[PDB]
Every structure is written in structure tokens, then in C-alpha cells.
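Asker: sharing an experimental structure here, sequence included.
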Amino acid sequence: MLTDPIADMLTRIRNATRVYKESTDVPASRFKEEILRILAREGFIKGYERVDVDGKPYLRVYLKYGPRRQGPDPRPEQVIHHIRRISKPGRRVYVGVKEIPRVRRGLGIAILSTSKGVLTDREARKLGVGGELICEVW
Amino acid sequence: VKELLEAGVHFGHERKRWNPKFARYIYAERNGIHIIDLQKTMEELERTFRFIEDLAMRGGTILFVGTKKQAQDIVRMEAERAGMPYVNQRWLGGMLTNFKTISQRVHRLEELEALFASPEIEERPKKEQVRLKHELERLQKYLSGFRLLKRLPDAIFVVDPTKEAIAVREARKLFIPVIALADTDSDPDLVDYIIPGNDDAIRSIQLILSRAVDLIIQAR
RNA sequence: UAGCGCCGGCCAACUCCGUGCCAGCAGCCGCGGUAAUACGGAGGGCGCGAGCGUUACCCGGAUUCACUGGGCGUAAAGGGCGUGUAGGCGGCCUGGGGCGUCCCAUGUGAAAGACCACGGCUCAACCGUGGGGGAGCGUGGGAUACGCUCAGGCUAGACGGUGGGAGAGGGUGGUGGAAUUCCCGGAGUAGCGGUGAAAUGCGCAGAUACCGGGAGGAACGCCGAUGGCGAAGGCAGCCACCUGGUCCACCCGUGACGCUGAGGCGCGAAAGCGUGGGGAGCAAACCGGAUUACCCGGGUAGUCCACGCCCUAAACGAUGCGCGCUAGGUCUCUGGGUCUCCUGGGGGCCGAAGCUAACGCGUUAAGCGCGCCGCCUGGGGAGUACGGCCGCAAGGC
RNA sequence: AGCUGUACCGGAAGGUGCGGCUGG
């Protein structure tokens, strides 16, 4: 059974990006929409769009890749090198303001579900709040 | 179109052979064959000819590869109608990565060609002459046309990217731009400038190579 | 006043003499059996220095118990397989409560120690003054994205309804033929059988080969396949009855009713055991013949049935179960359609991305992820010892 | 060609019976 939707969405994105697909589809929800939004501003994905497949609402994600490379293995570079799930069902990770992680010395982002919405580490630190540590992307 | 259509350019291979990465250049399937989209052919052809024409004016050279049975004559004829080198008998392992070693063979060819033009061959008993002549003819067979390359080429022209995969790999390794006349069973990623057309059908090869050579001619 | 340990590699620091598998050194790998930079001495050298080495114990190195931060196809490691209790975990939309969660304020969090800044002993060790930090709890207030709970809905999971399909799936009855053996009758005579070649054996009380009748037991040739079914073990003559699982179409009904599962309960090839039958062929042990096993001729258990035990394996795909995503090509079994083709479910080969120590795996994953269970921690001793549970016993856990 | 569960071995440098596996 589908136990974790968010991990599923992240895995869908990773699998799509590893084979340089221009677009992926994921079952739609508000929470996934928030994650996609946060990803959208930071310029990881090209952009998300709400669509309907057989009446079932889906989110279609348009992905982003670097320029075509030169020499052997001409496959273009990735914009999302690495994406993980931190807080999983059966082990939830909650962090205070002090304990908010720094990813790749500020190159990468971490997504927090704070009491004041879904934010990045930078936004959370500015607002001085913590919460559930969803994922880290770089 | 209107020249490509009647040349059998759009006639691809069957569904048993096609590479999925090529699906973007496919229009439709008919009667157990894959049809290659021709508007995409036009666009890619325009782009590749722009590149070729720029390279021709700049002063670089293009090595005409292709060793398919029905492509050899066309390759030779189109290449000789230019200063461009060509390979149409066999692609020796390391014509590009091992350029210095093959250049020694080129020098051996030139020295032997000079020797048989000399009356000094009357020594070295007749059977030694026989082995020398065999060596010379082997060298001419495999290295005629390749003699024009004084150094590494500036681009490569491959008739069938799948067939001459070794040449494609070498060129990739040495940062040499690749131009190829691909079909349904080819990998679009490995070709820098692709002309989605036919690798068989003499007519298609004739048309494409003729146009390219004429463009090179008027570009000079 | 200047000692102490080292000088093969780890590990900074090299020559001579003495000995010759001796005497000896050793933390590991290892040196010494004649020219030893490894033993003993000398000269030099290196490292510390009123200290320098050794033994014992703790942390590190050890990511070598892996929460940070490991693993199980072949290196140690997927339970023999189901059903399922406790537990763990759990789709989409809206509202309430603020339990977890986050934040602010405040009370604690003794001194000494630790940290920072100044000082006093001629410096330091030591000590003094001041400031801050601090995991964790108590009280007050706030937020509601996520997890929880309570309500109201939804159909994408799950389960039903209707119509149809394939199958060595299981149990109980019942009959069909081929073949071996044996008994009776007929006809016919000197070998038959067996081996690499022979022997033991059977046969003049008539064997072998042949024909006819009868008795009994066990297994089902051709189709038969790289096939099909089942959770595994495993399942082939045919007919009937009873019965389990599963696939497809319609997309009609319920509206999260789900996944996994320590114990428990059930099933579990073969070989064995008990109580009664049965016994044709084959055949452990055993008895003879050739030539150490092998091979040949006999032969008890056993193989078969009923009931009750036993519970093991190369019980294997050496790969736990469920769900989602990630190019394809080809062969095949079985449904549906708008039947060149398209769309489901099984079984096989070759291969994208990727993974792997490699072999290889690759939509039937050993790829990328989530949930739950089992198991591993160097080899031998050892599945041994003792203890406990089970078994008639062998033995099993 | 080996290996393996089980059961025997008064011509065990190991053999045989009934099954299983390819790790031939």
C-alpha cells in the first residue's frame, strides 16, 4: 500500500530527472502543491501545473536541466542533483530554530513544515520558527 | 520536402529495430515501417547546413566516413569532388585516437609510391618486389583519401552512426563535432548535428551528400 | 648532577665485530641454518629529558552493534509455507480541539568544575572577581503546516454484484488398457540368463521363445512442451460428485473497511515409528559370483492402503511481504476489443538508465523509494555441552 | 561429477537404498 505520498512524489521527480524526462505526473494534494511551490521559486523545477487525468486531479511538473555537455557522455547536467526525505512515517524529525540544518554551506535548501506554513531554512531562520523537517534538496 | 519526399528519405526501418530515443523524430508507423517526419528533417537540415557552411568558410576540413556497401561509391565520389579526406573501405581502430601511428603508415605509403616510381627497384629479388607491391596495394586500399589529413579533422561526417560506432566514439573522445545521417535505429544524443533521414536507399545518400558537397563548394 | 628507550616495515634514526635453526628477539608481519641494517657487543644516529620505559585497565582509531553511520543471490546473514493476535505503519477534501510539534515570557537548572575577560602569587601550576552558556522540567500566553483526535463528505486503495474463461489445485467414490510376475491348459526341445569379457543362477521334475484362460499388486506410454495449477511441499489414464484459489469484461453497490505481523494455530517431499491390512516389480541391511569400490544373480525392511506420530533438506529463484515510479525488442500460455493491430494477467530469453567486489540483475530488479517482520558481528571447538520444551524412539526446537 | 536430508553398513581410505539441487 501507498504509505508515504511525499516520499513517493520526491522519488517520482528523481526517477524522472535521472532519465531526462521533460515532465512528470503525480497525484495531487495541497501539501504536494506547497512543496512544488517552494521548489518552483528556488528554480529547481521549471514549473508545476494542475491537470486532470480520467477525472482524477494530478500535478504535472515540468523539469529543468543544464546545457548539453561536450565530449563523451553528452548528457546535460542536473539542476536537482540530490533529493532526500528526512522525516518519515515511523521516525518523525522535528527541529527547533537553533537546530535548523545548513545544506552545502547555503548552496542547497531544506524544506520545513513550520507552524507558519511550508518554508525554506532561510525563511524559517528569518521568521525564527522550527518544525517538521520534510526534505533537503541540492 | 518536394525533393526529400521522392528520394525515399522518410522511409525508416521496421518496428523491430527502432531506438526509443529516436521516437521524437518519428511521424507515424505504416505497413510495418517507421515514417520519419520531414519538417523536423528540414529544420535539422537547415541547422546542420548552417554549421557546415560556417565551417567551410572558416577553413576547416571534414572527414567523410561511411563504409556501407551501397554508400562506398557515393562517399568516394562526393569526397573526391572536394579537398576533404574520406574512409570507405574500413575504419582502422584508432584513426583518430592513434593518429600519429597511422600517419607513419601514410608516410610508408608515400615512400613506397616514390620507390615504385624509381628505377632503383631492380635490386631486391622479384618475390621481395611481390611482397612490397602487396604491402603497397594494401596501404592504398585502406589509406587512400585518408592521405589528405595532415592533422586532426575539424568535423566528421558519418553515413550510419550505428555502423561506424567506433568512429563516433573516437570523435566524442577527442571533442570533434559529429555530423551524421541517422535513421530510426540510431542514438540522437551522440550526434552533434543530426540529419534525420535514411542510411539505405542510394537515392537518399546521393541527395544529402550532393547537397552538402555543393554547399561546401560554393562556400569556398 | 644526565639519564632512559629505540635504529627491518609500520615508525624518525646504519655500519663493523661475535654467533651460526644455537644463544636469543617478538606488538603484528616475522628474524637466526656463514658475508644477519631484526640476536649479543661497539661506534655513530634518532626521540624525550629528572625523567625514560614496561605491565594492567578505559576511550579512540573500530563506520568492527552503523541514531548521526552497516548489512543478508554467491563472502556470516531471508524464517520451509500459510492464517492471523498484540504491536508498528496508513488515500483525497472541509471544519472543531490544540494532545505531539514550534515560539515568546518567566521559575528552576546550588557552589566548585568547564568557557570567556580581567587580575594576585617575580611566570606557570594554583587561586580570586565578574559575565555568559547550558540539555532537561514547572507556570502563563500564542500558532495550526505536519502527526493525533472528533465530526462531515469523496472514489484513485480494498471488498462485493452480474456475465464469462483456463488449469496434473484438493478430497471421495467408480472403472480402462499396455506391461512384469505367478498358476492352469496346449505345442515343442536343449539351452536360457547375464557381462567389457565371464561367472553365480534357472533348466531333461521340460527351462527360454509361442498361443489361450485366470489371480494380484503397483504405475499411468503417445499427447507432453523452454507447457499449466498451487502459499510452499508438491500435483499427470478416464468418468462423476463435493470443494479452494484466480483472470477478464461491465464500471453496477459499500466508501479507507488497508499493509505487515513477535507469540498462537494449521500445512509440510523423502527417509523413519506405532496399530491392522497388503505385497507384482524394484530394493538398504544381508547372502552368494567375478574383479579394492564398481559390475552380476538373489533378498528382509521399505516402497502401497487406513488411522495416529515424526517435522528435516541443495524445503533453492541459496533472492521475506505489500505499494508506487524508471527505454525497449523477441518467444510463449490465457481473456477482451473497434482483430494488419490495440488492451489485461501469467511464464521465458536479450538489453536503456541505474546497481554490484566481480559474476551478473535489469517492469518477474539484485534500479529509485516508503511501511512491517526475520536474521548477521572472524574461523575452529560446535549445532557440541548444560538447562528448558516436544517425541514411543531416532531425533527436533 | 559432486553435494545434501534420512536409514543402514561383522570386504568403510567410504559404500548402498529412497528423494532433492547444480554450487558439473
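Answerer: That came through fine. Residues are numbered from 1 along each chain as shown, chains lettered A, B, ... in the order given.
Asker: which helices and strands sit right next to the longest helix anywhere in chain B?
Answerer: Longest helix of chain B, by residue count under DSSP state H: helix B:38-58. Packing partners of helix B:38-58 (3 or more Cβ pairs under 8 Å, 6 or more residues apart in numbering or on different chains; DSSP states H and E): strand B:178-180, strand B:193-194, helix B:202-219. (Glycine included, C-beta is placed from N, CA and C.)
Asker: restricting to C-alpha, output the longest one in PDB.
Answerer: Meaning helix B:202-219. The C-alpha coordinates for helix B:202-219 follow below in PDB (Å, rounded to 0.1, in the frame of the first residue of the first chain):
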ATOM      1  CA  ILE B 202      21.200   5.100 -52.500                       C
ATOM      2  CA  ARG B 203      19.000   7.900 -53.700                       C
ATOM      3  CA  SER B 204      18.800   9.500 -50.200                       C
ATOM      4  CA  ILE B 205      22.500   9.300 -49.600                       C
ATOM      5  CA  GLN B 206      23.100  10.700 -53.100                       C
ATOM      6  CA  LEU B 207      20.800  13.700 -52.500                       C
ATOM      7  CA  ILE B 208      22.100  14.500 -49.000                       C
ATOM      8  CA  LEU B 209      25.800  14.200 -49.800                       C
ATOM      9  CA  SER B 210      25.400  16.000 -53.100                       C
ATOM     10  CA  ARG B 211      23.700  19.000 -51.400                       C
ATOM     11  CA  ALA B 212      26.300  19.100 -48.700                       C
ATOM     12  CA  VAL B 213      29.300  18.900 -51.100                       C
ATOM     13  CA  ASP B 214      27.800  21.600 -53.400                       C
ATOM     14  CA  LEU B 215      27.300  23.800 -50.300                       C
ATOM     15  CA  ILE B 216      30.900  23.300 -49.300                       C
ATOM     16  CA  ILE B 217      32.000  24.100 -52.900                       C
ATOM     17  CA  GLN B 218      30.100  27.400 -53.100                       C
ATOM     18  CA  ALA B 219      31.200  28.300 -49.500                       C
END
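Asker: and the angle for that helix with helix B:38-58?
Answerer: 40 degrees (axes from the mean of the first three to the mean of the last three Cα atoms, to 10 degrees).
Asker: now helix B:202-219: buried residues?
Answerer: Applying a neighbour-count criterion of 16 or more other Cβ atoms under 10 Å in any protein chain shown, the buried positions in helix B:202-219 are B:204-209, B:212-213, B:216.
Asker: and chain B, which residues reach chain A?
Answerer: The interface of chain B toward chain A, taken as Cβ under 8 Å from any Cβ of the partner chain, is made up of B:169, B:172-173, B:175, B:189-190.
Asker: how about stretch B:94-109, which residues are buried there?
Answerer: B:95-96, B:99, B:102, B:106, B:109.
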